[PDB]
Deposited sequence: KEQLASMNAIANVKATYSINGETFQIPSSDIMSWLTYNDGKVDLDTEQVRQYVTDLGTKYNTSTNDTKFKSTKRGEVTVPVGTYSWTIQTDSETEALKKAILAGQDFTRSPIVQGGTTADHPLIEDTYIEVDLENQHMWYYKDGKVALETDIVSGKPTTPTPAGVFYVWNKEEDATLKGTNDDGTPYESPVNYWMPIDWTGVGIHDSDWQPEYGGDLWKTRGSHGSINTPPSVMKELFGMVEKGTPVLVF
């Protein structure tokens, strides 16, 4: 019927994916391999298309793939998977991919996901917070340029600050953190910014005499990034909720 012309059209579609800033086209051989005609109906082999989409997730999910990060003082390092991430919704994407392809028109799409942000751009762009646990230092990049840096004090060897791709999911003023050492603790703070799901975040360290060096080995926090009060205040003042925070 007029379906054969369609099958050829489809077979020649240029299906392009844009994932985490990466761009690529689905191989013609794959689409042709998925083509299907049964009971007068043109379609794609779901199983195979789903496998592809499954592979995409295995290959790009920032929920199971660490992020290569260009640090300020160490070149390119690896920041483990953190709380800021996304995961491709396999079935949803498979159905949307099938629909896109079967329509027989070239297209460029980013997969359906779930997480802090979508995959139609790099997970980490040019606005973020860099916490170099090695040089116990921290920078805040805004649109590519440094807007504020300072030494800080990570957690103590026993309760280390975890490395990972996190983000500021909340901003609080005059809050009191709680916890254990056994032995409950308080610690009131003027500015609080949680970055993970265990209690690790950024806040003024009113009681810390000095920051930087290897102070943490001696007087490390319980995991949060202790920051100089005046700096923390200026930081809290400009960091918008949703800002990625890389800790390595």
{"item": "Parts of the chain sequence, as deposited, that carry no C-alpha coordinates in this structure", "value": "182-183"}
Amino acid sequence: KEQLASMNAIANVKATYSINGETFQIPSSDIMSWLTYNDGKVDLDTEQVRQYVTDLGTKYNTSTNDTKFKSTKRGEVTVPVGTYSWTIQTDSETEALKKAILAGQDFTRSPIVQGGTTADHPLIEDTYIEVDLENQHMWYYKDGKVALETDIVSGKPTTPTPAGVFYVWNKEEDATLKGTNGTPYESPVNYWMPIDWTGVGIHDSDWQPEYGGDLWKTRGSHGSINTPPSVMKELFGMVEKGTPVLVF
From here on, numbers count along this sequence of modelled residues.
{"item": "Greater mean Cα temperature factor according to the PDB record, 213-221 or 49-57", "value": "213-221"}
{"item": "Average Cα temperature factor in the PDB entry - higher stretch of 169-177, 98-106", "value": "169-177"}
{"item": "Residue with maximal Cα B-factor (values as given in the PDB entry) among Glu130, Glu134, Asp91, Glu125", "value": "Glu134"}
{"item": "Where the record places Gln25 (Cα B-factor, split into thirds across the chain)", "value": "middle"}
{"item": "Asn190 - which third its CA temperature factor falls in, relative to the rest of the chain", "value": "highest"}
{"item": "Chain-relative CA temperature factor third for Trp207", "value": "highest"}
{"item": "Chain-wide C-alpha B factor ranking for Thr87, given as lowest, middle or highest third", "value": "lowest"}
{"item": "Third of the chain's Cα B-factor distribution that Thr159 belongs to, per the entry", "value": "highest"}
